[PDB]
Amino acid sequence: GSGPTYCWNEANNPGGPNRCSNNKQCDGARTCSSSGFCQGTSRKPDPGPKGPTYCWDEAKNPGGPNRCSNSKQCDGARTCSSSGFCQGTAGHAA
């Protein structure tokens with residue numbers, strides 16, 4: 010959960026990616042319970058970045074890409090049609 014971009018690799022499992030696994034399971038802004046990064050938010054590909062964030066590049070489809078479609082394996086500046094996974098763009102904040 011660093012910033013629009015953490016890009017929690019989100020790649021390393023079928024359930025989900027590595028299986029959203031840090032920073033509330035995602036990386037991209039969260040804060041731990043120590044603010045570290047495990048509580049808070051993963052760069053809600055909110056109406057700000059819209060790209061300047063980014064992790065994957067193809068998991069929407071319901072039976073082909075990394076698979077998400079709903080919100081569990083998409084990229085970083087997207088919004089699963091609107092929950093923060095697949096629909097937006099993907100672009101990473103360096």
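Using our numbering, you'd call the opening residue of the sequence shown number 10 and step up by one each time.
For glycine and all other residues, C-beta sits at the position ideal for the given N, C-alpha and C.
Cβ-Cβ distance between residue i and residue j below 9 Å
i: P13; j: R52; result: yes
i: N31; j: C47; result: yes
i: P58; j: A102; result: yes
i: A68; j: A86; result: no
Identified DSSP bridge partners for residue i
i: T62; result: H101
i: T14; result: Its beta-bridge partners do not exist; DSSP assigns none.
Assigned secondary structure, residue i (DSSP; H/G/I helix, E/B strand, else coil)
i: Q34; result: helix
i: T40; result: strand
i: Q48; result: strand
Inter-residue Cα distance where the pair is residue i and residue j
i: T50; j: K33; result: 8 Å
i: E19; j: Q82; result: 7 Å
i: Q96; j: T88; result: 5 Å
i: residue 105; j: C41; result: In this structure the chain extends from 10 to 103, so residue 105 is not present and cannot be described.
i: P74; j: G45; result: 31 Å
i: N21; j: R28; result: 7 Å
i: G24; j: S78; result: 12 Å
i: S90; j: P26; result: 18 Å
Presumed contact (8 Å Cβ cut-off) between residue i and residue j, rounded CB distance
i: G60; j: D36; result: About 17 Å; that fails the 8 Å criterion.
i: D66; j: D84; result: 5 Å
i: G72; j: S80; result: Actually they are not in contact, since the Cβ atoms of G72 and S80 sit about 17 Å apart, beyond 8 Å.
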